[PDB]
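K.L.:
Following this line is entry34.cif, made up of mmCIF, C-alpha atoms:
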data_target
#
loop_
_atom_site.label_atom_id
_atom_site.label_comp_id
_atom_site.auth_asym_id
_atom_site.auth_seq_id
_atom_site.Cartn_x
_atom_site.Cartn_y
_atom_site.Cartn_z
CA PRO M 47 7.53 -0.74 9.67
CA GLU M 48 9.38 2.13 11.31
CA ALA M 49 7.82 5.02 13.20
CA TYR M 50 8.09 8.68 12.10
CA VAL M 51 7.10 11.56 14.33
CA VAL M 52 6.46 14.86 12.65
CA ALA M 53 5.60 18.01 14.49
CA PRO M 54 2.54 19.83 13.14
CA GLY M 55 3.42 22.41 10.47
CA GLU M 56 6.70 20.65 9.69
CA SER M 57 7.46 18.65 6.55
CA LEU M 58 6.76 14.93 6.29
CA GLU M 59 9.39 13.35 4.06
CA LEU M 60 9.44 9.70 3.04
CA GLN M 61 11.83 7.91 0.70
CA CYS M 62 11.01 4.74 -1.18
CA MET M 63 13.70 2.65 -2.87
CA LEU M 64 16.06 2.77 -5.79
CA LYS M 65 15.11 0.25 -8.45
CA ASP M 66 15.92 0.78 -12.08
CA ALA M 67 12.76 0.86 -14.23
CA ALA M 68 10.51 0.85 -11.15
CA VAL M 69 7.86 3.54 -10.95
CA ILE M 70 6.87 4.37 -7.37
CA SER M 71 3.24 4.62 -6.26
CA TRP M 72 2.17 5.84 -2.80
CA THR M 73 -0.75 5.03 -0.55
CA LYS M 74 -1.85 6.32 2.86
CA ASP M 75 -3.99 3.84 4.83
CA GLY M 76 -4.56 1.90 1.59
CA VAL M 77 -5.88 4.99 -0.21
CA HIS M 78 -4.02 6.48 -3.19
CA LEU M 79 -1.78 9.54 -2.84
CA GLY M 80 -1.08 11.76 -5.82
CA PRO M 81 0.34 15.30 -6.34
CA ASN M 82 -1.38 18.39 -4.95
CA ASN M 83 -0.67 21.89 -3.60
CA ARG M 84 1.02 20.44 -0.51
CA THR M 85 2.12 17.14 -2.00
CA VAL M 86 5.08 16.54 -4.24
CA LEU M 87 6.20 13.15 -5.58
CA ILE M 88 9.53 12.96 -7.27
CA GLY M 89 11.93 10.16 -8.01
CA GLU M 90 11.54 7.98 -4.95
CA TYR M 91 10.49 10.82 -2.71
CA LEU M 92 7.30 11.91 -1.09
CA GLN M 93 7.03 15.34 0.48
CA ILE M 94 4.09 16.83 2.35
CA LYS M 95 4.55 20.31 3.83
CA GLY M 96 2.22 21.71 6.46
CA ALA M 97 1.82 18.57 8.54
CA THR M 98 -1.55 18.35 10.31
CA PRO M 99 -2.60 15.51 12.67
CA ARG M 100 -4.86 13.93 10.05
CA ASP M 101 -1.77 13.53 7.91
CA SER M 102 -0.95 10.84 10.42
CA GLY M 103 -1.47 7.32 9.09
CA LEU M 104 0.11 4.27 7.55
CA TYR M 105 1.98 5.30 4.45
CA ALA M 106 3.48 2.88 2.00
CA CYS M 107 5.35 3.09 -1.24
CA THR M 108 5.35 0.24 -3.71
CA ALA M 109 8.00 0.21 -6.36
CA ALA M 110 6.50 -1.78 -9.19
CA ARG M 111 8.15 -2.82 -12.41
CA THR M 112 7.08 -5.47 -14.92
CA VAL M 113 9.11 -8.23 -13.20
CA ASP M 114 8.46 -7.49 -9.53
CA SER M 115 6.77 -5.19 -7.02
CA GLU M 116 8.62 -4.45 -3.73
CA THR M 117 7.00 -2.47 -0.90
CA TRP M 118 7.95 -0.34 2.14
CA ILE M 119 5.70 0.92 4.91
CA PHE M 120 6.13 3.87 7.25
CA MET M 121 3.95 4.67 10.25
CA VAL M 122 3.57 8.40 10.48
CA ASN M 123 2.42 10.08 13.65
CA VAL M 124 2.04 13.89 13.36
CA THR M 125 1.95 15.18 16.92
CA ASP M 126 2.89 17.86 19.46
CA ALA M 127 3.57 14.99 21.90
CA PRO J 47 -0.87 -3.95 8.56
CA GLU J 48 -1.12 -7.75 8.18
CA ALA J 49 1.46 -9.96 6.41
CA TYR J 50 0.43 -12.48 3.80
CA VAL J 51 3.07 -14.59 2.10
CA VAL J 52 2.14 -16.81 -0.81
CA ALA J 53 4.21 -19.09 -3.02
CA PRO J 54 4.13 -18.42 -6.77
CA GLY J 55 1.50 -20.34 -8.67
CA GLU J 56 -0.62 -20.78 -5.57
CA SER J 57 -3.86 -18.94 -4.84
CA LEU J 58 -3.71 -15.56 -3.16
CA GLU J 59 -6.72 -15.30 -0.78
CA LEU J 60 -7.56 -12.34 1.41
CA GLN J 61 -10.35 -12.10 3.91
CA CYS J 62 -11.66 -8.72 5.10
CA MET J 63 -12.64 -7.98 8.70
CA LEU J 64 -15.24 -6.41 11.12
CA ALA J 68 -21.34 -4.63 4.48
CA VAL J 69 -20.21 -4.60 0.84
CA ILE J 70 -16.43 -4.83 0.45
CA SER J 71 -14.35 -3.00 -2.15
CA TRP J 72 -10.72 -3.87 -2.75
CA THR J 73 -7.74 -1.75 -3.75
CA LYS J 74 -4.21 -2.68 -4.62
CA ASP J 75 -1.62 0.09 -4.39
CA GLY J 76 -4.46 2.56 -4.42
CA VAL J 77 -6.18 1.13 -7.52
CA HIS J 78 -9.75 -0.17 -7.28
CA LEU J 79 -10.15 -3.83 -8.18
CA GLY J 80 -12.93 -5.62 -9.97
CA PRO J 81 -13.43 -9.26 -11.06
CA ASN J 82 -11.41 -10.74 -13.88
CA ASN J 83 -10.40 -14.14 -15.29
CA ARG J 84 -7.97 -14.79 -12.37
CA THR J 85 -9.66 -12.60 -9.73
CA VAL J 86 -12.89 -13.39 -7.90
CA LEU J 87 -14.40 -11.10 -5.30
CA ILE J 88 -17.10 -12.58 -3.09
CA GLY J 89 -18.46 -11.71 0.30
CA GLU J 90 -15.47 -10.62 2.34
CA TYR J 91 -13.04 -12.51 0.20
CA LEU J 92 -10.60 -11.59 -2.51
CA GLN J 93 -9.06 -14.37 -4.53
CA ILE J 94 -6.37 -14.08 -7.18
CA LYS J 95 -5.08 -17.35 -8.60
CA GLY J 96 -1.72 -17.78 -10.29
CA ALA J 97 0.31 -15.52 -8.04
CA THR J 98 3.26 -13.87 -9.72
CA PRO J 99 5.73 -11.60 -7.93
CA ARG J 100 3.96 -8.58 -9.42
CA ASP J 101 0.78 -9.53 -7.61
CA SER J 102 2.55 -8.40 -4.44
CA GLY J 103 1.82 -4.91 -3.24
CA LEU J 104 -0.23 -3.17 -0.63
CA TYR J 105 -3.84 -4.37 -0.77
CA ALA J 106 -6.53 -2.79 1.35
CA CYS J 107 -10.19 -3.56 1.95
CA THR J 108 -12.84 -1.05 3.01
CA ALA J 109 -16.67 -0.96 3.11
CA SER J 115 -14.71 4.70 7.24
CA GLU J 116 -13.04 1.54 8.49
CA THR J 117 -10.17 -0.04 6.59
CA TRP J 118 -8.04 -3.15 6.92
CA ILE J 119 -4.62 -3.49 5.27
CA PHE J 120 -2.47 -6.28 3.79
CA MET J 121 1.11 -6.45 2.62
CA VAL J 122 1.24 -9.27 0.05
CA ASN J 123 4.56 -10.96 -0.58
CA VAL J 124 4.72 -13.45 -3.41
CA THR J 125 8.03 -15.32 -3.20
CA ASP J 126 9.40 -18.90 -3.46
CA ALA J 127 11.08 -17.96 -0.21
#
Kindly transcribe the structure held in the file into structure tokens.

P.N.:
Amino acid sequence: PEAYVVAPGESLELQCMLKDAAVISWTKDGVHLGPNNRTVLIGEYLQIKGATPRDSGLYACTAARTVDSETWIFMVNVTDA
Amino acid sequence: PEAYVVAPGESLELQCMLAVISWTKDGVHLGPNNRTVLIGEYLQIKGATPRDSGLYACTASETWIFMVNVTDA
């Protein structure tokens, strides 16, 4: 679990992994993340523009396929510090 | 984020911490089934297969998180 500092207003960008036939699902603090006006999920990428401090949290992407289900975690701290 | 490694075939058991507990895996809400039992603060899934791995999380505000790794390693 690696740390990511994002300055408020900037873009949080996370990248999961490349596995053939694996569809990527994202969580923040265990809760599900999907697409919205500030959230885009594409390929193995997660983008959130307009970082605010409550965007801070423990993000994780799980690449699941039928055979297996591998997982990466990112600790995101959105701060002016 | 707590680590839990289980060997395939064995029983995956999670125990929540610090109220009625609801479990998610990779964001999806879990209920009981023929290999899953949810009781008290416990989550049990028997017959672990590598696809049972994922990011589990238990909540009642407060939330506790588990990275489950099912491997023979």

K.L.:
Write down, as a VMD selection string, each residue of chain J that has any atom within 9 Å of an atom of chain M, counting all atoms listed in the file.

P.N.:
chain J and resid 47 73 to 77 98 to 108 117 to 123

K.L.:
I want to know what sits within 8 Å of range 50-56 of chain M, based on only C-alpha atoms, with residues of the same chain fewer than 4 positions away left out; could you give that as a PyMOL selection string?

P.N.:
chain M and resi 95-99+120-126

K.L.:
Range 80-84 of chain J, all listed atoms, 4 Å padding on each side: what axis-aligned box centre and edge lengths in Å to one decimal come out, as JSON?

P.N.:
{"center_x": -10.7, "center_y": -10.2, "center_z": -12.6, "size_x": 13.5, "size_y": 17.2, "size_z": 13.3}

K.L.:
Given only C-alpha atoms as the basis, pick out the residue of M:100, M:90, M:48, M:127 nearest to residue 67 in chain M.

P.N.:
M:90

K.L.:
Kindly give the distance, in Å, that separates CA of residue 86 in chain M and CA of residue 79 in chain J, rounded to a single decimal.

P.N.:
25.7 Å

K.L.:
Considering all atoms listed in the file, state which residue in the set M:49, M:101, M:62, M:69 is at the smallest distance from residue 84 in chain M.

P.N.:
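So, comparing all the options, the nearest one is M:101.
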
K.L.:
Quick one, how far is CA of residue 94 in chain M from CA of residue 49 in chain J?

P.N.:
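The value is 27.2 Å.
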
K.L.:
Any idea what the distance is between CA of residue 93 in chain M and CA of residue 57 in chain M?

P.N.:
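Straight-line distance from CA of residue 93 in chain M to CA of residue 57 in chain M works out to 6.9 Å.
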